[PDB]
Amino acid sequence: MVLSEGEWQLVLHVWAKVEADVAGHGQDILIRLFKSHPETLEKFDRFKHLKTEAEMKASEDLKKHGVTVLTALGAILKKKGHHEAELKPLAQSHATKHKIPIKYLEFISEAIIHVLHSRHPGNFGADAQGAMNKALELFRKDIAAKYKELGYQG
Ligand code: ZNH
């Protein structure tokens, strides 16, 4: 699959708003993820003890993680599909150390879309949401191919 330049621009124009407060968007996204799919929290030996949204919002380590995740994703999006270099180390750590199935990447993709839709109705209409879905699908497809090369079922 390949996105058009117009699709990339819709993706990057909403990402520009995310970048006003990457930390806040990261918290909202991780919390949505853990609330919708509580099993995903079990992957974080650092965070699996957090019991409530309140505890999640007050966690500095969780905030730090959201910034790390969104900054990595932002870098990948900015490559506009030319993301092999960024994807290599990410695919290896997530296949081999963290053991994150593609299904869980689908879950966080859903959380991203939900938070953007809630926070950014001005820049996340149907067309922009479609473009973001296409970008995240491409990310997941490319990660999935790497998983396979690396020996992980995903
Ligand atoms: C979209 C998307 C995404 C992105 C971009 C990311 C990114 C990332 C980064 C950058 C980091 C740091 C470095 C490495 O590699 O290690 C990480 C880590 C990581 N991660 Zn991940 N992620 C993700 C998804 C995910 C999910 C979904 C999960 C689960 C479920 C995860 C789990 C993880 C973990 C567990 C870790 C580690 C943490 C700590 O701190 O230790 N993850 N991550």
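Just so you know, these numbers use all the heavy atoms, side chains as well, and skip hydrogens, waters and symmetry mates. Positions are given from 1 along the sequence.
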State, with a plain yes or no, whether a side-chain heavy atom of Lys64 is found less than 4.5 Å away from one of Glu60. yes
For residues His120 and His13, is any side-chain donor paired with an opposing acceptor at under 3.5 Å? no
Given side-chain contact (heavy atoms from CB on, under 4.5 Å), test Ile76 with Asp142 step by step and report yes or no. CA-CA 11 Å; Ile76 288 157; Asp142 285 352; over 6 Å; no
Between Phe44 and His65 (judged by ring centroids, cut-off 6.0 Å), do the two rings come close enough to count as a pair? yes
Closest non-hydrogen contact found for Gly26 with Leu70 is N-CD1, 3.4 Å
Checking the side chain of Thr96 only, and the main-chain atoms of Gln92 only, is there a donor and an acceptor separated by less than 3.5 Å? yes
All heavy atoms of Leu150 vs all of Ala95, minimum pair found to be CD1-CB, 4.4 Å
Nearest 0.5 Å, what's the CD1-OG distance between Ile31 and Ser59? 9.0 Å
Show your reasoning for whether salt bridge (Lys or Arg N to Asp or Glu O under 4.0 Å) applies to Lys141 and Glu106. CA-CA 11 Å; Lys141 172 176 169 149; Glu106 290 163 6; over 6 Å; no
Crowding at CG, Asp127 (>12 non-hydrogen neighbours, <6.0 Å): no
If we only count heavy atoms from C-beta on, is the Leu136 to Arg140 side-chain gap below 4.5 Å? yes
Run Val22 and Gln27 through side-chain contact (heavy atoms from CB on, under 4.5 Å) and show every step you take. CA-CA 9 Å; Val22 189; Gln27 289 175 298; over 6 Å; no
Hydrophobic cluster membership, with links at side-chain heavy-atom distances under 4.5 Å among I/L/V/M/F/W/Y: are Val18 and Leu10 in one? no
Measuring from atom CG of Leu138 to atom CG of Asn133, what distance do you get when rounded to the nearest 0.5 angstrom? 11.0 Å
In Å, rounded to the nearest 0.5 Å, how long is the span from NZ of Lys134 to CD of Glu137? 9.0 Å
Just by distance, do the side chain of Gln9 and the backbone of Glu5 share a donor-acceptor pair under 3.5 Å? no
Between the main-chain N or O of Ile112 and the side-chain N or O of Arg32, is there a donor-acceptor pair closer than 3.5 Å? no
Closest non-hydrogen atom pair between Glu39 and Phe107, with its separation: OE2-CE1, 3.5 Å
Where is the tightest heavy-atom contact between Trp8 and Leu77, given as atom of each residue plus distance? CZ3-O, 3.6 Å
Check whether the side chains of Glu110 and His37 place a donor and an acceptor atom closer than 3.5 Å, and report yes or no. yes
Over all atoms of both residues, closest heavy-atom pair of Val11 and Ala135: CG2-CB, 4.0 Å
Does some side-chain heavy atom of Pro101 sit less than 4.5 Å from a side-chain heavy atom of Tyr147? no
Carboxylate-amine/guanidinium contact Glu53 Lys57, below 4.0 Å: yes
Do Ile113 and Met1 sit in the same hydrophobic cluster, where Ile, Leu, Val, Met, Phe, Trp and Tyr count as joined when their side-chain heavy atoms come under 4.5 Å apart? yes
Got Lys43 and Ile100 here, is their nearest side-chain heavy-atom distance under 4.5 Å? yes
Using 0.5 Å steps for rounding, measure from the CE atom of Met132 to the CD atom of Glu7. 12.0 Å
Is it the case that over 12 heavy atoms from other parts of the model lie below 6.0 angstrom from the NZ atom of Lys88? no
Here the gap from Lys78 atom NZ to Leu73 atom CG, rounded to the nearest 0.5 Å, amounts to 10.5 Å
Taking the side chain as C-beta and beyond, is there a heavy-atom pair between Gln129 and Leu116 under 4.5 Å? no
So do the side chains of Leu87 and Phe139 get within less than 4.5 Å of each other, counting heavy atoms only? yes
Going hydrophobic residue to hydrophobic residue with side-chain gaps under 4.5 angstrom, can you get from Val67 over to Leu33? no
pair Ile29-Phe34: side-chain heavy atoms closer than 4.5 Å: no
Between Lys146 and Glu86, is there a salt bridge with N-O shorter than 4.0 Å? no
Side-chain heavy-atom pair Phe124, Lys17 within 4.5 angstrom cut-off: no
Quick one: pull up NZ in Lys51 and CG in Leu41 and give me the separation to the nearest 0.5 Å. 10.5 Å
